[PDB]
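Asker: Let me begin by handing over the structure; questions about it come next.
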Amino acid sequence: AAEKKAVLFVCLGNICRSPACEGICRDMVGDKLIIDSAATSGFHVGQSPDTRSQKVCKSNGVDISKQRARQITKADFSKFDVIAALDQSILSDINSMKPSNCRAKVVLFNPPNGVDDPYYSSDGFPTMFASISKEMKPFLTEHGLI
């Protein structure tokens with residue numbers, strides 16, 4: 001009974017480590033679900049040069065397309081099956097709004113140290129993907145897939 005779900009990969013705008021989950025996963029399995037980038041802070045949108053992250057991604061192993069970060073509504077809970085929050089702020093906030101009856105779960109992704117691409121040096125493209133996948137085998141495989 002192996003099925004596919006959908007984890008909400010969020011971080012802080014759907015740009016840092018967010019647009020990397022779709023590629024890391026797309027290549028990890030080939031083409032399924034469990035990949036849902038999101039963000040609870042419509043601050044950095046319609047901007048942010050994601051050519052560096054997307055570049056290293058295709059140079060390390062990541063197939064994406066566009067990262068139009070957008071505000072997260074309330075369907076994120078009934079629009080998928082799992083919610084992955086990179087930084088703790090995402091898990092803490094998203095939990096401060098979650099209702100009291102739903103069918104989705106909220107899990108944290110790596111500690112507040114791995115995925116931390118700031119926005120000045122290329123010290124995230126490598127680390128971001130590193131954790132993006134280094135935490136996708138011990139997670140997706142144990143989140144209800146493989």
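Every chain in the structure tokens takes a letter, A first, then B, and so on in the order presented; its residues are numbered from 1, and the ligands are numbered from 1 following the presented order.
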Extract, using only C-alpha atoms, all DNA, RNA and protein residues at most 9 Å from residue 119 in chain A, discarding same-chain residues fewer than 2 positions from it, and format them as a PyMOL selection string.
Answerer: chain A and resi 16+48-49+117+121-122+124
Asker: Could you pull out the alpha helix (DSSP H) residues of range 16-110 of chain A, going by DSSP on the backbone, and write them as JSON, numbers by chain?
Answerer: {"A": [21, 22, 23, 24, 25, 26, 27, 28, 29, 51, 52, 53, 54, 55, 56, 57, 58, 59, 60, 75, 76, 77, 78, 88, 89, 90, 91, 92, 93, 94, 95, 96, 97]}
Asker: Using only C-alpha atoms, pick whichever of A:47, A:95, A:114, A:143 has the shortest atom-to-atom distance to residue 131 in chain A.
Answerer: A:114
Asker: Could you build a table of the residues in range 47-118 of chain A lying no more than 9 Å from range 24-34 of chain A, giving for each the nearest pair of atoms and their separation in Å rounded to one decimal place, using only C-alpha atoms, ordered by chain and ascending residue number, as JSON lines?
Answerer:
```
{"residue": "A:57", "atom": "CA", "partner": "A:24", "partner_atom": "CA", "distance": 8.4}
{"residue": "A:61", "atom": "CA", "partner": "A:24", "partner_atom": "CA", "distance": 7.2}
{"residue": "A:62", "atom": "CA", "partner": "A:24", "partner_atom": "CA", "distance": 5.4}
{"residue": "A:63", "atom": "CA", "partner": "A:26", "partner_atom": "CA", "distance": 6.8}
{"residue": "A:64", "atom": "CA", "partner": "A:26", "partner_atom": "CA", "distance": 8.2}
{"residue": "A:80", "atom": "CA", "partner": "A:34", "partner_atom": "CA", "distance": 8.0}
{"residue": "A:81", "atom": "CA", "partner": "A:34", "partner_atom": "CA", "distance": 7.9}
{"residue": "A:82", "atom": "CA", "partner": "A:34", "partner_atom": "CA", "distance": 7.5}
```
Asker: Please report, as a PyMOL selection string, each residue of range 15-128 of chain A to which DSSP assigns strand (DSSP E or B) when run on this structure's backbone.
Answerer: chain A and resi 36-38+82-85+105-108
Asker: Need the shell around residue 14 in chain A: protein/DNA/RNA residues with any atom at most 12 Å away, counting only C-alpha atoms. Skip same-chain ones fewer than 4 positions apart. Format as a count of residues only?
Answerer: 34
Asker: Give the answer as one residue: which of A:133, A:96, A:54, A:113 has the shortest atom-to-atom distance to residue 15 in chain A, using only C-alpha atoms?
Answerer: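 Under the stated criterion, the closest residue is A:54.
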Asker: With only C-alpha atoms as the counted atoms, please give the residues lying no more than 7 Å from residue 17 in chain A, apart from itself and same-chain residues fewer than 4 positions off, as a PyMOL selection string.
Answerer: chain A and resi 11+21+115+128+132
Asker: Could you check how far CA of residue 75 in chain A sits from CA of residue 145 in chain A, in Å to one decimal?
Answerer: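 Going from CA of residue 75 in chain A over to CA of residue 145 in chain A, I get 22.4 Å.
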Asker: Which of these, A:1, A:107, A:102, A:12, has the shortest distance to residue 140 in chain A once you count only C-alpha atoms?
Answerer: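 Among A:1, A:107, A:102, A:12, it is A:107 that comes nearest to residue 140 in chain A.
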Asker: Could you list, as number ranges by chain, every residue within 9 Å of residue 144 in chain A, counting only C-alpha atoms and ignoring same-chain residues fewer than 6 positions away?
Answerer: A: 2-5
Asker: Could the residues in this selection be written to a file with N, CA and C atoms, as a tab-separated table (two decimals), in the first residue's frame?
Answerer:
```tsv
chain	number	residue	atom	x	y	z
A	2	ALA	N	1.94	1.25	-0.76
A	2	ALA	CA	2.83	2.45	-0.80
A	2	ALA	C	2.18	3.56	-1.63
A	3	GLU	N	1.93	4.69	-1.02
A	3	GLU	CA	1.29	5.81	-1.77
A	3	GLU	C	2.20	7.04	-1.76
A	4	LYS	N	1.72	8.12	-2.28
A	4	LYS	CA	2.52	9.37	-2.30
A	4	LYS	C	1.79	10.45	-1.51
A	5	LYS	N	2.51	11.26	-0.80
A	5	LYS	CA	1.83	12.32	0.01
A	5	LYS	C	2.20	13.71	-0.51
```
Asker: Which residue, A:130, A:35, A:94, A:136, has the smallest gap to residue 106 in chain A when you use only C-alpha atoms?
Answerer: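 Smallest separation from residue 106 in chain A among the options: A:94.
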